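Engineer: PDB entry and its sequence, pasted below:
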Amino acid sequence: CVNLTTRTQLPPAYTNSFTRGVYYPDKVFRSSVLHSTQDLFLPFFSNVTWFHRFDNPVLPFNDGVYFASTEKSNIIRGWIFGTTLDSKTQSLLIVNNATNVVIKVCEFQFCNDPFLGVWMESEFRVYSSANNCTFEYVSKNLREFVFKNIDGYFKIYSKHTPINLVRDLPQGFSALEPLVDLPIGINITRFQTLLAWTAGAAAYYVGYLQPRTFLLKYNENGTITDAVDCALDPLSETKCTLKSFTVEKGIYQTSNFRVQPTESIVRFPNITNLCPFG
Amino acid sequence: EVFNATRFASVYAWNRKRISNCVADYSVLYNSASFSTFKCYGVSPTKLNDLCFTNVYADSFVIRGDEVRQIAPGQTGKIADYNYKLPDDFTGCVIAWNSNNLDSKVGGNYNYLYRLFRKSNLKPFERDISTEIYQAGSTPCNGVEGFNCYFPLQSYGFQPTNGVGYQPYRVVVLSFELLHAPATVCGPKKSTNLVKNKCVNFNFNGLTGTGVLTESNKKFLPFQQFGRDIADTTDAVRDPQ
Amino acid sequence: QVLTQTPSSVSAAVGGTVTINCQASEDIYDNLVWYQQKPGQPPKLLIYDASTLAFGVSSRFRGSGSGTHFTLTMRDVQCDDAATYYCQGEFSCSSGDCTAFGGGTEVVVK
Amino acid sequence: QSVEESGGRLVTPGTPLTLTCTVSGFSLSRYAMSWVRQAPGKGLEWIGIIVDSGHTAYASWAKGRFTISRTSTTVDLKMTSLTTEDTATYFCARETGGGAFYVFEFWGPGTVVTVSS
Ligand SMILES: *[C@@H]1O[C@H](CO)[C@@H](O[C@@H]2O[C@H](CO)[C@@H](O)[C@H](O)[C@H]2NC(C)=O)[C@H](O)[C@H]1NC(C)=O
Ligand SMILES: *[C@@H]1O[C@H](CO)[C@@H](O[C@@H]2O[C@H](CO)[C@@H](O)[C@H](O)[C@H]2NC(C)=O)[C@H](O)[C@H]1NC(C)=O
Ligand SMILES: *[C@@H]1O[C@H](CO)[C@@H](O)[C@H](O)[C@H]1NC(C)=O
Ligand SMILES: *[C@@H]1O[C@H](CO)[C@@H](O)[C@H](O)[C@H]1NC(C)=O
Ligand SMILES: *[C@@H]1O[C@H](CO)[C@@H](O)[C@H](O)[C@H]1NC(C)=O
Ligand SMILES: *[C@@H]1O[C@H](CO)[C@@H](O)[C@H](O)[C@H]1NC(C)=O
Ligand SMILES: *[C@@H]1O[C@H](CO)[C@@H](O)[C@H](O)[C@H]1NC(C)=O
C-alpha cells in the first residue's frame, strides 16, 4: 500500500492504571449486595503502556486488552485482528468510518502499514484483497474498550465519559457495560489499531488482562460503584474474607503460606553389573 | 431466492449458496405440496426445526426429469459421475419438482448444458468448469474441433412434446454440518402466552422453574435479564417478548 | 432412433418358455413399453416402463432390462398367447424422432 | 373411456381426406392424442401426437405432410398428396394419465384408408 516513515523513534512511556477496567461480568441484576467473582480483569494500579506523532505497532493479544483513547477529533478509526494477516488464516476487521460500523471476517491481504487518509476522507488503503469471506455486520472525552475471545465468542465492552484533564488518566471509577457478542471462532494472537496530509494529536493506552478475583459492590439501582482487588496487598485480602468494605479492629486470618520446592533430585545405587555384550 | 429464482444454472456449473445467520423454517417447506420429491437421509425432515447446525450449504441446478435418481449417495450414473457427486455419508437432502412451464421451449431450450466426458470420476462436492475437448485418439487434438475429438458437454432437448422423464426439473439440495464453532442456523422454536398470578411452570430461555409470575417494579435493568438474591435464586426475570 | 427386435419368429410348446429381445440404438433409461396385437384386433398394452405389468394382464408376462437392452419372457405360454408383440420407447425429442416402433415378432404355439 | 374414429374412404392419389377421432367419457384437455398406422400384414408405424396443451409433434418419415388439429371433441388429422403406398389402417390412441406420454393404453375400432384408381 503506502509507507510513511516520517515518524520520530521514541521508547514507549508508562502510566499507572489506577482503578480503571471494571466491567459487568454477566447479565444478571443485583442490588445492595457485594458479589465476589473470578474473571479476566485488569489488575488495580497496573502498568499500562502509552503510545502516540503517529504510533501503531503490532501488539500481542494474549487474553484481553483495556484499550482507552482520549481525543478531540476522533482520529482513531478501528482495529485489525488475526494471526498471520496474509490471507493464510482468517482475520477480523472493524472500521468506524463516517458511514457506520463495518465488521467483517474475510481473509484479507493487509499491507505492512495499514492506515486511512482524510474536510473529506479520500484514502482507503488498509487492505488489498478480500476473499473467502464468512461473516458481515453493520451497526475531553475517553472511549475505553475491553476485548475478549473465549469459547469462540468475541465480546466487546465499551464506555464513554467526559473529562476536563489533558494529559493524565483520571483517578476514578466507571463500570463498563457489554456491547456485542460475536459468535465467530477465530484464534487471535495479535492486533493493531487504525488511524486516519494532516497529523492529529492523539494517544491511546493499552493494558492487558489476567485471571483475578474481585469484590464488586452493587448499589440500589444495580450499578457498580466500587471494586476491591483481591491480591493487591494484605489489607485487600482481609476485605475479601469478610465480604465487606470496612473491617473492624482485630486480627483476622486470610490465607496460607507454603514454601515451594526448588530442585528435584533422584538417587540410585552405583551403576554396576554392566552386561558385557562384547 | 434459492428455491424459485428467475435464473438457475446448469448441472455442470451448479450454484452454491451459503446460508448462515438464518432463523430457518423447514415447516413451510414440509407443508408445501409443490415439490415432486422430498426425502432426507440421516435426519428425518419432521424434526429438522429442532436440530441446530453451524452452517447450511444449498446447491441449485436443473437436470432432466428422469435423471433425478442419480443425485443420491451410493448412486452410479452419468451426471452423478461427471457433473455432481454426493458423499456416501452426505447430510441433508434434495428437493425437486416439475418446472416444464418455464424451463421448456417449443423450439427447444438450449441454454442448459451437461457434461458427458471426463478423464475420471470426480470426488464428492467438486466443481469442474474446464471446457477442454476430451480426446480418444493417439494424435493430440490441440483444441481443434473435428473427428475423434469429442466435446465433453451437450445440451438438453427440453420441449413440451417430450415425455415426463425427459421434461426439465429444478433441483435444490441443502446440506448440514457440525464443527468446532457456535451453531447459528436452526428453527425458531415457539412461544406461548403469558399468564400471571397463578402457579405455573415457566421457561425463560432455559430458566426452568415454578412460581407465581406477579408484576413487580423492581428496578430499571437497562440491559440485564435475570435477577438474583444473596443466594443463587432467580428472584426476578425480564420478559423476552 | 432405431428399434430392433429379435428373433423375428419363434415357436414353443404349451409347457415351454420363449424370450424376446428389443434393443434400442440410444440410451432411453427404462422408458420402453410392450404391446400384444391379435390378428384383426387393436394392440393391448402389456408392460410399461419395461418392468411394470399393466392392469388386467396375467402374471406370466415379465419384463426386464435397462439402458439399451431389454428382454421380455413368457412363462408357460398357453394357446391364447399366439399373437404378435411390439416394443416401443421414447427417443428424447431434439435427440430422436419422438418415438419409433419396433419391427415386431410373431409367436406361434403348437 | 371409449375412443372411436371414422372416415375411411377410397380416393385417388393426391386427393386430401379427413379422419375424425371422437373422444367419449373423459376430458380431452387432459390427455394426449396420437396416431399410429400399420400396413396390411406389416408392423406398426407412428404418425404424430398432440399434447393436452395443444403443441404438435410429427415423424421424420411423414416429411411434414400431415396436420393434427384439436377442438372440443374431434381430434382430426388431414393429409395432402396421398401416394399409392398409403393404403393402411389408422388408429388414435389414448393415454393413461397426466404425463407419461407414448403409453397408448386405449385404442379405437380402427379404420382403413385405401388409395387406388
Ligand atoms: C512498504 O514497506 C514494506 C516493508 O518495508 C515493503 O515490503 C517489501 O517489499 C520489497 C520489494 O522490493 C521486498 O523485497 C521485501 O521483502 C518486502 N518486505 C516486507 C517486510 O514485506 C513494501 O514494498 C513497501 N511498499 C511501498 C509502497 O513502499
Ligand atoms: C566391539 O563392539 C563394541 C560395542 O559392543 C565396541 O565398543 C565401541 O566401539 C565404538 C567403535 O569403535 C567406539 O566408538 C565406542 O567408544 C566403543 N564403546 C566403548 C564403551 O568404548 C568395540 O569397539 C568393538 N570392537 C572392535 C574391535 O571394533
Ligand atoms: C512500569 O514500567 C516502567 C518501565 O520498566 C518502570 O519504570 C515502572 O517502575 C513500572 N511501574 C510499575 C508500577 O510496575
Ligand atoms: C476458504 O476457506 C475454507 C475454510 O475451511 C477452505 O476450506 C477453502 O479451501 C478456502 N478456499 C479458498 C479459495 O481460499
Ligand atoms: C487456533 O488458531 C491457531 C492459529 O495460530 C492454530 O494454530 C490452532 O491450531 C487453532 N486451535 C484449534 C483448536 O484449532
Ligand atoms: C436510582 O435511581 C433513582 C432515580 O429516580 C435515584 O433517585 C436514586 O438515587 C438512584 N439510586 C442511587 C443509589 O443513587
Ligand atoms: C416483538 O414483536 C411483537 C409483535 O407485535 C411486538 O408486539 C413486541 O413489541 C416486540 N418486542 C420487541 C422487544 O421487539
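Structural biologist: Sure thing, it's come through. Numbering: from 1, shown residues only, chains lettered A, B, ... in the order given. Ligands and ions are numbered 1, 2, ... in the order given.
Engineer: Skip the chain neighbours and tell me the closest residue to the closest residue to chain C within chain B.
Structural biologist: At 2.5 Å from chain C, residue B:157 is the closest residue in chain B, using C-beta to the nearest C-beta. Where C-beta positions appear, they are placed from N, C-alpha and C, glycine not excepted. Once flanking residues are discounted, residue B:157 sits nearest to residue C:94: 2.5 Å by C-beta to C-beta, 6 or more residues apart in numbering or on different chains.
Engineer: One more: residue A:170?
Structural biologist: Nearest one to residue A:170, counting by C-beta to C-beta, 6+ apart, is residue A:163 at 5.4 Å.
Engineer: how near is the one you found to chain C?
Structural biologist: Distance, residue A:163 to chain C, by C-beta to the nearest C-beta, to the nearest Å: 79 Å.
Engineer: these two touch, right, that residue and residue A:143?
Structural biologist: No. Judged on C-beta atoms under 8 Å, residue A:163 makes no contact with residue A:143 at a distance of 11.0 Å.
Engineer: Count the residues that sit near the residue of chain B found nearest ligand 5.
Structural biologist: Ranked by C-beta to the nearest ligand atom, the top residue of chain B for proximity to ligand 5 is residue B:180, at 6.6 Å. Residue B:180 has 7 neighbours, counted by other C-beta atoms under 10 Å in any protein chain shown.
Engineer: Contact partners for the residue nearest to residue B:136 when sequence neighbours are not counted?
Structural biologist: Distances taken as C-beta to C-beta, 6+ apart place residue B:148 nearest to residue B:136, at 5.6 Å, with adjacent residues excluded. Listed by C-beta atoms under 8 Å, 6 or more residues apart in numbering or on different chains, the contact partners of residue B:148 are B:135, B:136, B:137, B:141.
Engineer: contacting residues around the third one?
Structural biologist: I take that to be residue B:137. B:148, B:149.
Engineer: Help me confirm that residue C:19 comes into contact with residue C:75.
Structural biologist: No. When contacts are counted by C-beta under 8 Å, residue C:19 is not listed as touching residue C:75 (10.5 Å).
Engineer: Let me see the contact set for the residue lying closest to residue A:85 once chain neighbours are set aside.
Structural biologist: Leaving out its chain neighbours, the residue that sits closest to residue A:85 by C-beta to C-beta, 6+ apart is residue A:110, at 4.8 Å. By C-beta under 8 Å, 6+ apart, the residues touching residue A:110 are A:80, A:85, A:86, A:91, A:126, A:127, A:128.
Engineer: Spell out which parts of chain C neighbour chain A.
Structural biologist: Residues of chain C found near chain A (C-beta under 8 Å from any C-beta of the partner chain): none.
Engineer: In chain C, mark out all the strands, start to finish.
Structural biologist: Along chain C, the segments classed as strands by DSSP state E run C:3-6, C:9-12, C:18-24, C:33-37, C:44-48, C:52-53, C:61-66, C:69-74, C:84-90, C:99-101, C:105-109.
Engineer: same question, chain D
Structural biologist: Going by DSSP E, chain D shows strands at D:4-6, D:10-11, D:17-22, D:33-38, D:44-50, D:56-58, D:66-69, D:74-79, D:88-93, D:111-115.
Engineer: and what of chain B?
Structural biologist: B:15-19, B:37-41, B:55-64, B:92-98, B:113-115, B:134-135, B:149-150, B:153-155, B:168-177, B:199-204, B:207-212.
Engineer: name the helices or strands packed onto the fourth one?
Structural biologist: Same thing as strand B:92-98. Helices and strands touching strand B:92-98, as assessed by 3 or more C-beta pairs under 8 Å, 6 or more residues apart in numbering or on different chains; DSSP states H and E, comprise strand B:37-41, strand B:168-177.
Engineer: how about the ones you listed, which one is nearest chain D?
Structural biologist: strand B:168-177 (12.2 Å).
Engineer: what about that closest one and chain D, touching?
Structural biologist: No. Using C-beta under 8 Å from any C-beta, strand B:168-177 stays clear of chain D, coming no nearer than 12.2 Å.
Engineer: what residues does chain B put near chain D?
Structural biologist: Residues of chain B lying near chain D (C-beta under 8 Å from any C-beta): B:106, B:160, B:161, B:162, B:163, B:164, B:167.
Engineer: Which residue would be the closest one in chain C to ligand 6?
Structural biologist: Counting by C-beta to the nearest ligand atom, chain C gets nearest ligand 6 through residue C:29, at 77.5 Å.
Engineer: quick revisit: from the residues of chain B next to chain D, list the buried ones, please.
Structural biologist: B:160, B:161, B:162, B:163, B:164, B:167 (16 or more other C-beta atoms under 10 Å in any protein chain shown).
Engineer: so how far is chain A from the fourth one?
Structural biologist: According to C-beta to the nearest C-beta, residue B:163 and chain A sit 44 Å apart.
Engineer: which residues touch that residue?
Structural biologist: C:31, C:90, D:99, D:100, D:101, D:102.
Engineer: cool, and the fifth one?
Structural biologist: Neighbouring residues of residue B:164 by C-beta under 8 Å, 6+ apart: B:65, B:66, D:99, D:100, D:101.
Engineer: Chain neighbours aside, what residue packs nearest to it?
Structural biologist: Take residue B:164 and drop its neighbours on the chain: the residue closest to it by C-beta to C-beta, 6+ apart is residue D:99, 3.9 Å away.
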